[PDB]
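Asker: before the rest arrives, take these chain(s) from the complex:
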Amino acid sequence: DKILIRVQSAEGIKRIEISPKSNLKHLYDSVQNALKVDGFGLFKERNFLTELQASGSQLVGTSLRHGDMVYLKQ
């Protein structure tokens, strides 16, 4: 069931395994638990334009595909 979402930060590339039927907030919660961070945003591109919204109910799978990389901005 689960897919892989890669999170690029200044600490490296963190692999998050998550159900595509989960919501974006769960992704945010997953990242928080995996990383030592404060207020962060997740973005679709390295230049931080399109922010992923801390949900619930925008599903992971509607905006993201297996192996996609998102970009963390503090």
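Answerer: Great, that's in hand. Numbers count the residues shown, from 1 in each chain, chains lettered A, B, ... in the order given.
Asker: helix or strand right after the strand or helix carrying residue A:4?
Answerer: In the assignment (DSSP states H and E), residue A:4 maps to strand A:3-9. Remark: after strand A:3-9, the chain's next helix or strand is strand A:12-18, criterion DSSP H and E.
Asker: picking up where we left off before, which strands or helices does the strand holding residue A:4 pack on?
Answerer: With contacts taken as 3 or more CB pairs under 8 Å, 6 or more residues apart in numbering; DSSP states H and E, strand A:3-9 sits against strand A:12-18, helix A:60-63, strand A:69-73. Yep, even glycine has a C-beta here, placed from its N, CA and C like the rest.
Asker: want to try TSV for the ones you listed, with distance to residue A:36 and mean neighbour count as columns?
Answerer: Formatted as TSV, the helices and strands packed on strand A:3-9 follow (distance: least, CB to CB, whole Å; neighbours: other CB atoms under 10 Å):
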stretch	distance to residue A:36	mean neighbour count
strand A:12-18	11	13
helix A:60-63	23	17
strand A:69-73	12	17
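Asker: In TSV, list the ones you listed along with distance to residue A:54.
Answerer: Compiled in TSV, the helices and strands packed on strand A:3-9 are given as follows (distance: least, CB to CB, whole Å):
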stretch	distance to residue A:54
strand A:12-18	14
helix A:60-63	12
strand A:69-73	13
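Asker: out of the ones you listed, which comes closest to residue A:47?
Answerer: Nearest of the helices and strands packed on strand A:3-9 to residue A:47, taken as CB to CB: strand A:69-73 at 8.1 Å.
Asker: okay, the angle between that closest one and strand A:12-18?
Answerer: 120 degrees (axes from the mean of the first three to the mean of the last three CA atoms, to 10 degrees).
Asker: spatially speaking, which residue is in the middle of chain A?
Answerer: By CA atoms, centre = their mean, chain A has its centre lying nearest to residue A:27, at 5.1 Å.
Asker: now the sequence for chain B, which goes on the structure above:
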Amino acid sequence: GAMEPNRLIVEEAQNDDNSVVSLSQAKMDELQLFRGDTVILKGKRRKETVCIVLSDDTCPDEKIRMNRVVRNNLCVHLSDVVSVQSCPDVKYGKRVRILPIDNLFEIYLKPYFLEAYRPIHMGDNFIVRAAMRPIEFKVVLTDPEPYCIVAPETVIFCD
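Answerer: Same chains as before, plus chain B:
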């Protein structure tokens, strides 16, 4: 090919980029590596270096394509064997010291690194082909160690 999935036979690069290794998508599927992943490569004489992995539609499954700069950092020749593994902790460089082997920032290093997010490893040699003369450089130090991304926040000490 190698009897282990992550050992690959070295082949010449089509894309001359010091920072890139190419695999077939099928091999990448097999090893669970993805476009733009930082990977740690291991060659002979206990040498390691870091590259960015990209798919290459004409790369045979059991082969890996890399240029001479990367081969040299790994102490391998064409048709030698290297291993490739995802490397999740390649942090953004705070400060790095890079020196010419045997102006430098402005002409060579800045354009080489600018917006490219190149991984570098301490002990790496690399060649920058700029101006009127190629220059080979050595990665003397990185902070953090032993490898990092040269990012917009990174400071290069080159003198």
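Asker: since we added chain B, can you redo what packs on strand A:3-9?
Answerer: Counting contacts by 3 or more CB pairs under 8 Å, 6 or more residues apart in numbering or on different chains; DSSP states H and E, strand A:3-9 packs against strand A:12-18, helix A:60-63, strand A:69-73.
Asker: any residue of the longest one up close to chain B?
Answerer: Yes: Strand A:12-18 is in contact with chain B by CB under 8 Å from any CB of the partner chain, via A:12-15.
Asker: Wait, residue A:37 touches residue A:72, no?
Answerer: Yes: using CB atoms under 8 Å, residue A:37 is in contact with residue A:72, at 7.3 Å.
Asker: any common contacting residues for those two?
Answerer: Between them, residue A:37 and residue A:72 share these contacting residues under CB atoms under 8 Å, 6 or more residues apart in numbering or on different chains: A:9, A:31.
Asker: hmm, back to that, helix or strand for the residue nearest to the centre of chain A, just tell me which one.
Answerer: Element membership for residue A:27 (DSSP H and E) is helix A:24-34.
Asker: circling back: same list, the helices and strands packed on strand A:3-9, but as TSV with distance to residue B:8 please.
Answerer: Listed next are these as TSV, based on distance: least, CB to CB, whole Å:
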stretch	distance to residue B:8
strand A:12-18	21
helix A:60-63	32
strand A:69-73	23
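Asker: Of those, which is nearest residue B:156?
Answerer: Nearest of these (CB to CB): strand A:12-18, 20.4 Å.
Asker: Quickly run through the sheet partners of that closest one, with directions.
Answerer: Its sheet considered, strand A:12-18 pairs with strand A:3-9 (antiparallel) by DSSP bridges.
Asker: can you list contacts of the strand it pairs with?
Answerer: Residues from elsewhere that reach strand A:3-9, judged by CB under 8 Å, 6+ apart: A:13-20, A:27, A:31, A:35, A:37, A:42, A:46, A:60-61, A:64-72, B:32, B:34, B:37.
Asker: Chain A contacts on chain B?
Answerer: Residues of chain B lying near chain A (CB under 8 Å from any CB): B:32, B:34-38, B:86-92, B:117, B:151, B:153.
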